[PDB]
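Protein chains in written order, with the numbering used here: chain A, 273 to 400; chain B, 0 to 11.
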């Protein structure tokens with residue numbers, strides 16, 4: 273088995289599954305990007321503002337800060353093979369977030385909201 | 000001191 277319904281066929285040409293994942297992946301990011309999640313995903317559309325946030329230690333913490341806009345841009349670039357390229361970077365921005373931030377933080381506050389929506393969204397992602 | 004804990008963002 274090796275994970276239930278994890279894989280079954282390599283993609284023909286490019287997708288049938290994969291770039292289909294990205295149409296989803298995107299609507300997903302674009303959803304965290306939604307005015308709905310723009311209450312808290314907005315600091316994720318764009319990069320951790322090391323100035324605005326008064327970080328300084330940022331570049332010590334952060335090795336790969338992801339931003340909903342690149343990951344999206346890469347969607348919009350089809351640079352992402354699939355939604356797991358996609359969420360790899362969602363997990364990246366989420367990661368670098370709690371990486372830097374304690375869970376009593378605002379960024380994490382925001383982070384975990386996206387964590388909820390993105391992961392829920394991502395649960396609706398294929399793999400076939 | 001693992002991370003500064005941003006002190007970033009206030010949603011607004």
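Where a beta carbon is used, it is the ideal one built from N, C-alpha and C, also for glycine.
Practice task
Please report how far the alpha carbon of residue 381 of chain A lies from the alpha carbon of residue 299 of chain A, in whole angstroms.
Solution key: 22 angstroms
Residues of chain B with a CB under 9 angstroms from the CB of residue 324 of chain A: which are they?
-> Against chain B, the beta carbon of residue 324 of chain A has neighbours under 9 angstroms at 7, 8, listed in chain order.
- Item | Sufficient close CB pairs (3 or more, under 8 angstroms) joining the segment 388-398 of chain A to the segment 284-294 of chain A | yes
Exercise for review: For residue 3 of chain B, name the three-state secondary structure that DSSP assigns.
Suggested key: coil
**Request:** To the nearest angstrom, report how far apart residue 361 of chain A and residue 323 of chain A are at their CA atoms.
**Result:** Distance between the alpha carbons of residue 361 of chain A and residue 323 of chain A is about 22 angstroms.
Closer than 8 angstroms, CB to CB, is residue 378 of chain A near chain B or not?
yes
Is it right to say residue 326 of chain A is buried, meaning 16 or more other beta carbons lie within 10 angstroms of its own, or is it exposed?
-> The C-beta of residue 326 of chain A has fewer than 16 other C-beta atoms within 10 Å across all chains shown, which makes the residue exposed.
Checklist entry - Can you tell me whether DSSP reads residue 316 of chain A as helix, strand or coil? => result Assigned with DSSP and collapsed to three states, residue 316 of chain A falls in helix.
#### Entry: chain B contacts made by the segment 309-334 of chain A, where a contact means CB separation under 9 angstroms
Contact annotation: in the segment 309-334 of chain A, residues whose CB is within less than 9 angstroms of a CB in chain B are 311, 312, 314, 315, 320, 321, 322, 324, 325, 326, 327, 328, 329, 330, 332, 333, 334.
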